[PDB]
Structures are given as C-alpha cells and as structure tokens.
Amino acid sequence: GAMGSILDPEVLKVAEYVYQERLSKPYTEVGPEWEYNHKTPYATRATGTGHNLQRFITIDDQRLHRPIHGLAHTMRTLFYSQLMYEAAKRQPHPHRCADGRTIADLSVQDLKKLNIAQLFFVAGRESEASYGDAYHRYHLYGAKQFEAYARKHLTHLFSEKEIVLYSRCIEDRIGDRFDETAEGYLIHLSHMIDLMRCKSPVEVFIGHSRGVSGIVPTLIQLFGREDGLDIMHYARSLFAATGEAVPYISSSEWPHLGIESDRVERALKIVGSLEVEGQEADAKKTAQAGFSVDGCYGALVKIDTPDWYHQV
C-alpha cells in the first residue's frame, strides 16, 4: 500500500484556516470556574465533567493545545473516510442510511466536500467537556464556524443546500441518528474509529452496553471481518505515525474484564483472536503532527494502506 496525497490544494487551504483559527487556539472554557461535581451541580459555570482534562501538553517547551481534539485527530479522520469510501465500493449490500443512501452513492466531489466538513467537526470545542450540553454546544459552534467560512469562501464549491446538509452533519442535532445521512454516517464512522486510541478493550471490541455493538464489531458488520480489521490496523498505524500511544490488543484477556461470557463469546465470534502489542506515545512525532498541516499531512500520506484501497 502507501496512501499518498489525497487532499487537493483547496482542502489543505481549508485545513490551514481551521488550524490557524480554531485548532491551534487554547481551550477557553477552562479553570476553576469550569470545575464540576455531581453533588454541587451549579457551583460553577460547568454542568458536567471534563472542562480541565488534557487542556495542553508540553513538548520541547511548546504547549500543544487541545491534544486529544487537535490537528492530528482531525486530519486522521480525513484519511479514514477516504479508506472507507473505497471499502464501501467493495460491499455488495452497503448499509442504507435513513435518507435511503449509502456511502457508495457519494461521488469523489461529495467526498471532497465531506472532507472539508470533517475539518470543522471538533473545531467548535472549547474544552474536553464530555457531557451532552457541552458536546451539543461545541458541535453547534463548529457548525457555525463551517458555515461562516463556507458562505464567504466556498460558494463556488458548495451549494446552499450542501452548506445546510454539511452544517447539520457537524451540528449533530438532538434527534438525528448516527446514520441520518450517508454523509453524516461517514463523518461519524471516521470519528468513531479514532476513539480506539483512548478507549478500553471493552468499548472497542465488546460494546459499552448490551445495545451497542462496539467499534471494531461495527467496522466488521459494515465492511466484513477482513476489510474491517484492515481498517482497524490502518487506524492504529495512523496513531503511531502521529506519535499517539497505540493500545495493545489481547482477545484472550477479554473474559477477564468483568463482562458476561455471553458478550465476550459474541465479540470472539465476530472479531476472532487478536494479539497485538501496544506502543508508547512519541513526543517528537506528536509535535510534528500537531503544530502544522504540512507536518501532519506528510506523516499521514506515507503510511501503507491495505492493497484493496488501491485496486480497481
């Protein structure tokens, strides 16, 4: 494999704007006035946890702000959607979204516009706050930032209809389903994949609830086990390329994580056995990927894809 440069100059320019304007900036909903405890819900401005988590990390004396939802995270999702676009073309019966459409019904032009929307997806964030109000406020912020940029500078590219749809994709409005639109689905799948870098084996392989399938099981239902595992591996190699910690995987350990043998066996039958070693975060590559679009882009383009990415 070896993906090479997939983003045209227009997309990179937009990445450059989003980095300058949003992703390079300090989180602002931080400090004592944004602490939270369930037992004193209205003691501060926060109505939930997470405002002061992981605001920045120090590398070679330089603060990298918003390391969990910064440039690298965002750029990674563009690479995921590219891979899954091809993956979808290999499926005889792709997943039908609530709009009646599938990933394979997107054109290359659609993919470009989708990628541009992905750049703003977490751009509205003002902290690592996790709870619903914060999540919804921050996605609305990212949606509005997208719209303000698109209406000034991209009207030769997006129709008004398309500005509305992509805005809604970013907004993630309450009542809208994960698979509301094919565009939305692909955006969310891409975000989902990236969570593997910071979740436990339970969320990734087993499901955080009897209802929810789990990240890798989800990739497998959509894409088959072979392509789904390849996608999984690809994402782990993007973690390592951008200097992020790669979690280990051990399917033999799954029965020892306090989950009902029921669900452990289920995941085993879907995923099969996996033993792969994790890897410590690398500060130098973290800096390379976090402080400029070229740094991040040049690290991602290099990484090998599955061979089917490249096939006709």
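Sequential numbering from 1, following the sequence displayed.
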Would you mind comparing 252-260 and 276-284 for me and telling me which has the higher average C-alpha temperature factor in the entry? 252-260
Avg C-alpha B-factor, entry values, 138-146 vs 202-210, higher side is 202-210
Maximum C-alpha temperature factor per the entry, among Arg90, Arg173, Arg76, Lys113, belongs to which one? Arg90
If you check the C-alpha B-factor for each of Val30, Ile68, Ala46, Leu64 in the entry, which is highest? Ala46
Within-chain third of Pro26 by Cα B-factor, per the entry: lowest
How does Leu7 rank on Cα B-factor within its chain, lowest, middle or highest third? lowest
How does the C-alpha B factor of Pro217 compare with the rest of the chain: lowest, middle or highest third? middle
Quick check on the deposited entry: does the C-alpha B-factor of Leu165 sit in the lowest, middle or highest third of its chain? middle
Where the record places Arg96 (Cα B-factor, split into thirds across the chain): highest
